[PDB]
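These notes are about the structure you will find just below.
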Amino acid sequence: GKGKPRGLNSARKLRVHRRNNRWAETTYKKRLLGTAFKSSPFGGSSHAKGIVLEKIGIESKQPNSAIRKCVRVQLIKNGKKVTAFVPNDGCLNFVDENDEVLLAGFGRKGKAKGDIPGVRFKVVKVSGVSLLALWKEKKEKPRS
Amino acid sequence: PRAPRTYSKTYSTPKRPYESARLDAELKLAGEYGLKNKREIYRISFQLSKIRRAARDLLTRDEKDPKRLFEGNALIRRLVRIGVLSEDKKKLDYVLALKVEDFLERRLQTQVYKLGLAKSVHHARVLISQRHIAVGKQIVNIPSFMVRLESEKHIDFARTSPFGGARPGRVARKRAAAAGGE
Amino acid sequence: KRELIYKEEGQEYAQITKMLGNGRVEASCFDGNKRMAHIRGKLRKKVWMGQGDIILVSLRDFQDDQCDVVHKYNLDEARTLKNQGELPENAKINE
Amino acid sequence: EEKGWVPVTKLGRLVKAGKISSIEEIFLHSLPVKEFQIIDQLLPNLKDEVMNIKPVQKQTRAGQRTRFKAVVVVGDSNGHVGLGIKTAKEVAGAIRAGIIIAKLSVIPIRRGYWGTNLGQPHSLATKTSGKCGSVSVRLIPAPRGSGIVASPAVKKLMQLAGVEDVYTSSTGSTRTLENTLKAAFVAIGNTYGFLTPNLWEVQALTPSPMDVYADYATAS
Amino acid sequence: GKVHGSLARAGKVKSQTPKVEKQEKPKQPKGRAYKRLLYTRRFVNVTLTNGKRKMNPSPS
Amino acid sequence: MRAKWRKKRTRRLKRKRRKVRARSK
RNA sequence: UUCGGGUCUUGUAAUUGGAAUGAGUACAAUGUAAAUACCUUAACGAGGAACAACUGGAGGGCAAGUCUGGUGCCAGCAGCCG
RNA sequence: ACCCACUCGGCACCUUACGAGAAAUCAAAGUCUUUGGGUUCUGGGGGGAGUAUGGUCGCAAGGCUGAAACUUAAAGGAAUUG
Ligand SMILES: [Mg+2]
Ligand SMILES: [Mg+2]
Ligand SMILES: [Mg+2]
Ligand SMILES: [Mg+2]
Ligand SMILES: [Mg+2]
Ligand SMILES: [Mg+2]
Ligand SMILES: [Mg+2]
Ligand SMILES: [Mg+2]
Ligand SMILES: [Mg+2]
């Protein structure tokens, strides 16, 4: 009738067929190969600290004309270097060069979000304090 | 290493959180019975869902089956003892027909309101919360005290409360002291 | 005939050396700065420019490598710049 | 309001004369309904709800000529539904013609019992299904008071039907509202298309209402 | 001219927006009182029955 | 481009890489 | 008869009154190996009851603004479309 | 050797939907939400890419097996009006 066998003693080929087909997915292949630990900037890590190397801005795509204020950060856990996004309006000046910054995911499963090219990480905390608390003047940078 | 005691969730937020008709119905039920949050309606709906799950599971089982008899009449007697299920319909098929408003109605809030000793639903809520109503010479500071049929006749203001007969309270005592002094 | 706009608090003039693709340009800013110039808003496909064109460009204080070109002068306001002489006069750019 | 309704159909003439009393006589003999006023006469309380208004465009040499497709569902919440889908220039006219078609296309449904029968039927009789476009809707009976487990459009259709408890399962591009509602309509009208053991005995084939009352038709 | 300042400067609109102070208010009741207020405002004090409920209707 | 000519260009790149490897094998 | 008493009720007003109560303090006593803490309870403890509830959002998905001012493809927003 | 009738097997064909499909259409692409006759192989968005690497076959050409990093909100199918 259908491609799969149906006999009462065909459990083996059904199981191995499903097991061979499961590699067609992306989530299953990533989970079993464990590419997150080996290749991604973080190994299965929601957040990671890093050191700001320099202070760059990156232009947007065609339909959106602007320059999103980014920052190049070298991760401390392993030494990789990644660009990250300083989210809000007047937060670029808040983060100074060569200060510890806690990058987080960008919410799109490790893929570039919106019109910002070649970035995959937000910025949540700088120098131990959070950017959202600075942006509403609830706390101030310790300046150490 | 000590044996844990099992905490368990008692509510379940709906999957579509943003339904206009459902939101309006929830606000209707909150305003009708003075519910503080909409977690109250979720809790009653969760209790009702557990009850319905048990009822449907027992219904699936064959008629005149020891499991069906035993736990079906156990649930029936528990619900009629609570009072939500009227004595007319102790059949386990009207159990599936109960609505969330039915359990809402048996709250100590609404019962104090019905008895009339509290003239408003929010008045009932505050009167319960101020340690005034006692269900059998035992105060209940909890609005969601499910009042059972056998004990509804014993709701009244407590003796320790000024309403049941005692010293008036802070404001009245202070005013009386001020009047006596001046 | 329109009034020519001067620089102010960060913006500076420059000359296009060679125009790259994808809206990119190499511009010599008159501080000895062979900088990269990005074609910008109000400038995408509304006014056209070419090689060896006088240009005005805003800097970025957080990155001095790249800088964003804002306004272009039409080879006659360039002459006015040249007489008033805010830009270095050791360069000949004629037709 | 102002309504004369000169009947142009023999069925309409019989209805206006008051000779057909219940819509069950219309449904039983598979009579063709072409006057919406017949359905208005037989079911005075047919509520409606505009499910969707959709702008549909045709590309001509000058601009894009745009009309509106209205998806109207009519019913009385007592086992009668109709699904009109119309396209028109003005949205109000689209909705009017959509309700008009919906009233023309009223259909009866066979509500049944999930388990034992205690009161009036609360759910469908059997599992049913329909398919329009690529959207296949599967209606499955549910125990009493289980609500209508369905997407909002299908839920509103069942509420207009009078079905109080039912499970649903939809497969395909159920995005498109017209296809989903048409599939659900096919299923709920198929509910009276399933032979069931309680429906086996043969009947006497009562003569058609336009045979016994042919005289009151044929306006002379 | 074409641009009033350095174009790519960060925190520009934030810097130059007029700081308008918060308007002082009476306390807004919270908890069960807020739900009672909402219930009264929507289902016993029906304001604009025409059209939709139109909560927060713009004044025009 | 056609898949045919992309394939042919890939084959020519393999030509160059194969001769390079053979010279250094 | 225009009314209109509001005849019957339900909200809105920095008007205005009397109540009730904890969150806190605290004689005690209970609690505990001893103490906290809880349960009870003296004496205090609410008027802007300042004893002041936040976190996100208001184009769509998705409940809620085509109100006011600011910036004008900047700044920025946006999980996606924008 | 034709003619008439019938039958088996084959490449096929016309009409039709009363069935199926997103449709173009299919007498199988039917007997599939009323889902199970037996069985083999293949696919899980597009690109990177049938590329690199590792095997293996070949004198060579190249064949078989065959990813990821990364990037992207589409790519694509049928049909309708211009
Ligand atoms: Mg560009
Ligand atoms: Mg807020
Ligand atoms: Mg916002
Ligand atoms: Mg806003
Ligand atoms: Mg909305
Ligand atoms: Mg793929
Ligand atoms: Mg390919
Ligand atoms: Mg090889
Ligand atoms: Mg095509």
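All of this is worked out from the model, or read from it or from the source named; none is laboratory data. Cβ coordinates were reconstructed from backbone atoms using ideal geometry, including for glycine residues, and neighbour counts include every protein chain displayed.
What are the residues in the range D:173-193 that are in a loop (DSSP other than H, G, I, E, B), surrounded by 14 or more Cβ atoms within 10 Å (Cβ to Cβ) and in contact (Cβ under 8 Å) with a residue 40 or more places away in the chain, if any? Spell out how you get there, then give the answer.
Residues of the range D:173-193 in a loop (DSSP other than H, G, I, E, B): D:173-176.
Remaining after also requiring surrounded by 14 or more Cβ atoms within 10 Å (Cβ to Cβ): D:174, D:176.
Selection gives D:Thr176 alone.
Please work out which residue is farthest from D:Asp211 (Cα to Cα), limiting yourself to the range D:1-44 and to residues that are of a type outside the set (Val, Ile, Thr) and in contact with an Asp or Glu (Cβ under 7 Å, 6 or more places away or on another chain). Outline the logic, then answer.
Step one: list which residues in the range D:1-44 are of a type outside the set (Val, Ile, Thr), which gives D:1-5, D:7, D:10-14, D:16-19, D:21-22, D:24-25, D:27-32, D:34-37, D:40-44.
Remaining after also requiring in contact with an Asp or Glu (Cβ under 7 Å, 6 or more places away or on another chain): D:7, D:12, D:43.
Numbers: D:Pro7: 18, D:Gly12: 14, D:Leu43: 23 Å.
Among residues in the range D:1-44 that are of a type outside the set (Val, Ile, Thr) and in contact with an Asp or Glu (Cβ under 7 Å, 6 or more places away or on another chain), the one farthest from D:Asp211 (Cα to Cα) is D:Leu43.
Within the range C:1-32, which residues are surrounded by 10 or more Cβ atoms within 10 Å (Cβ to Cβ), within 14 Å of another protein chain (Cβ to nearest Cβ) and among the polar types (S, T, N, Q)?
C:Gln11
Within the range D:158-174, identify whether any single residue is among the aromatic types (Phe, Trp, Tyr), outside the structural domain of D:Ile20 (by CATH) and under 14 Å from the mean Cα position of the chain (by Cα), and answer yes or no.
no
Mind listing whichever residues of the range E:1-20 are over 17 Å from C:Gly10 (Cα atoms), more than 14 Å from chain A (Cβ to nearest Cβ) and of a type outside the set (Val, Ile, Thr)? Break it down stepwise before answering.
As a first pass, look at the range E:1-20 and keep what is over 17 Å from C:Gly10 (Cα atoms): E:13-20.
From what is left, the residues that are more than 14 Å from chain A (Cβ to nearest Cβ) are E:18, E:20.
Listed by number, the list holds a single entry, E:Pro18.
Among B:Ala124, B:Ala97, B:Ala177, which is the only one that is over 23 Å from B:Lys36 (Cα atoms), more than 16 Å from RNA strand H (Cβ to nearest atom) and part of a helix (DSSP H, G or I)?
Details: B:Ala124 fails: over 23 Å from B:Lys36 (Cα atoms); B:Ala97 fails: part of a helix (DSSP H, G or I).
Just a single option satisfies the conditions, and that option is B:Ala177.
Within the range A:3-28, can you find the residues that are more than 30 Å from A:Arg108 (Cα to Cα) and aliphatic (A, V, I, L, M)? Lay out the reasoning, then the answer.
Step one: filter the range A:3-28 for residues more than 30 Å from A:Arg108 (Cα to Cα), giving A:3-17.
Of everything in the range A:3-28, those that are more than 30 Å from A:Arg108 (Cα to Cα) and aliphatic (A, V, I, L, M) turn out to be A:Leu8, A:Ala11, A:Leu14, A:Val16.
Given the options D:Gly98, D:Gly93, name the one that is surrounded by 19 or more Cβ atoms within 10 Å (Cβ to Cβ) and outside the structural domain of D:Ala187 (by CATH). Talk me through it step by step, then tell me what you get.
Numbers: D:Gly93 fails: surrounded by 19 or more Cβ atoms within 10 Å (Cβ to Cβ).
None of the other options fit; the residue is D:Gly98.
Of the residues that make up the range D:38-59, is at least one more than 30 Å from D:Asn179 (Cβ to Cβ) and in contact with a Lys or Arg (Cβ under 8 Å, 6 or more places away or on another chain)? Please lay out each step first, then the result.
Restricting attention to the range D:38-59, the residues satisfying the condition of being more than 30 Å from D:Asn179 (Cβ to Cβ) are D:41, D:44.
Within this subset, residues satisfying the condition of being in contact with a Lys or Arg (Cβ under 8 Å, 6 or more places away or on another chain) are D:41.
Yes, some residue in the range D:38-59 is more than 30 Å from D:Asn179 (Cβ to Cβ) and in contact with a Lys or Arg (Cβ under 8 Å, 6 or more places away or on another chain).
Pairs please, first residue from the range B:1-25 and aliphatic (A, V, I, L, M), second anywhere and surrounded by fewer than 10 Cβ atoms within 10 Å (Cβ to Cβ), Cβ atoms under 9 Å, 6+ apart in sequence or on different chains.
The qualifying pairs are B:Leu23/B:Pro17.
Enumerate the helices (runs of 4 or more DSSP H) found wholly within the range D:1-109, keeping only those where 3 or more residues are within 21 Å of D:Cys132 (Cα to Cα) and without any contact (Cβ under 8 Å) to a residue 60 or more places away in the chain.
Values: elements: D:10-17, D:23-28, D:36-42, D:91-104.
Where helices (runs of 4 or more DSSP H) fall fully within the range D:1-109 and carry at least 3 residues being within 21 Å of D:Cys132 (Cα to Cα) and without any contact (Cβ under 8 Å) to a residue 60 or more places away in the chain, they are D:91-104.
Can you name the condition, by its number, that B:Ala21 falls short on among (1) within 14 Å of chain E (Cβ to nearest Cβ); (2) surrounded by 14 or more Cβ atoms within 10 Å (Cβ to Cβ); (3) outside any loop (DSSP other than H, G, I, E, B); (4) out of contact with any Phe, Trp or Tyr (no Cβ under 6 Å at 6 or more places or on another chain)?
Evaluating B:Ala21 over (1) within 14 Å of chain E (Cβ to nearest Cβ); (2) surrounded by 14 or more Cβ atoms within 10 Å (Cβ to Cβ); (3) outside any loop (DSSP other than H, G, I, E, B); (4) out of contact with any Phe, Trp or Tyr (no Cβ under 6 Å at 6 or more places or on another chain) leaves (2) as the failure.
Can you name the residue in the range E:23-47 that is touching a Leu at 6+ places or on another chain (Cβ under 8 Å) and more than 12 Å from B:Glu32 (Cβ to Cβ) and is also nearest to the other protein chains (Cβ to nearest Cβ) among such residues? Before you say what the answer is, go through the steps one by one.
Going residue by residue through the range E:23-47, those that are touching a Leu at 6+ places or on another chain (Cβ under 8 Å) are E:29, E:32, E:35, E:38-39, E:42-43.
So of that shortlist, the ones also more than 12 Å from B:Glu32 (Cβ to Cβ) come out as E:29, E:32, E:38, E:42.
Values: E:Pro29: 11, E:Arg32: 4, E:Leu38: 6, E:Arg42: 7 Å.
By that ranking, first place goes to E:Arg32.
Suppose we filter D:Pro207, D:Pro143, D:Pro197 for residues that are over 16 Å from the mean Cα position of the chain (by Cα), within 14 Å of another protein chain (Cβ to nearest Cβ), more than 16 Å from ligand 1 (Cβ to nearest atom) and free of Cβ contacts under 8 Å to residues at least 60 places away in the same chain; which single one remains?
D:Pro143
Go through the residues of the range A:95-110 one by one and say whether even a single one is within 16 Å of ligand 1 (Cβ to nearest atom) and either surrounded by 16 or more Cβ atoms within 10 Å (Cβ to Cβ) or assigned to a strand (DSSP E or B) (or both).
Pass one, the range A:95-110, residues within 16 Å of ligand 1 (Cβ to nearest atom): none.
Checked the range A:95-110: no residue is within 16 Å of ligand 1 (Cβ to nearest atom) and either surrounded by 16 or more Cβ atoms within 10 Å (Cβ to Cβ) or assigned to a strand (DSSP E or B) (or both).
Restricting attention to the range E:7-24, and to residues there that are in a loop (DSSP other than H, G, I, E, B) and more than 6 Å from RNA strand G (Cβ to nearest atom), which single residue is nearest to A:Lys69 (Cα to Cα)?
Initially, the range E:7-24 is screened for residues in a loop (DSSP other than H, G, I, E, B), giving E:7-11, E:17-24.
Those left that are additionally more than 6 Å from RNA strand G (Cβ to nearest atom): E:9, E:19-23.
Working: E:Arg9: 10, E:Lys19: 24, E:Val20: 27, E:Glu21: 29, E:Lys22: 30, E:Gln23: 33 Å.
Here the residue is E:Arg9.
Which one is surrounded by the fewest Cβ atoms within 10 Å (Cβ to Cβ), of the residues in the range B:26-46 that are more than 9 Å from chain E (Cβ to nearest Cβ) and either among the hydroxyl-bearing types (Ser, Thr, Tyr) or within 13 Å of RNA strand G (Cβ to nearest atom) (or both)?
B:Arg39
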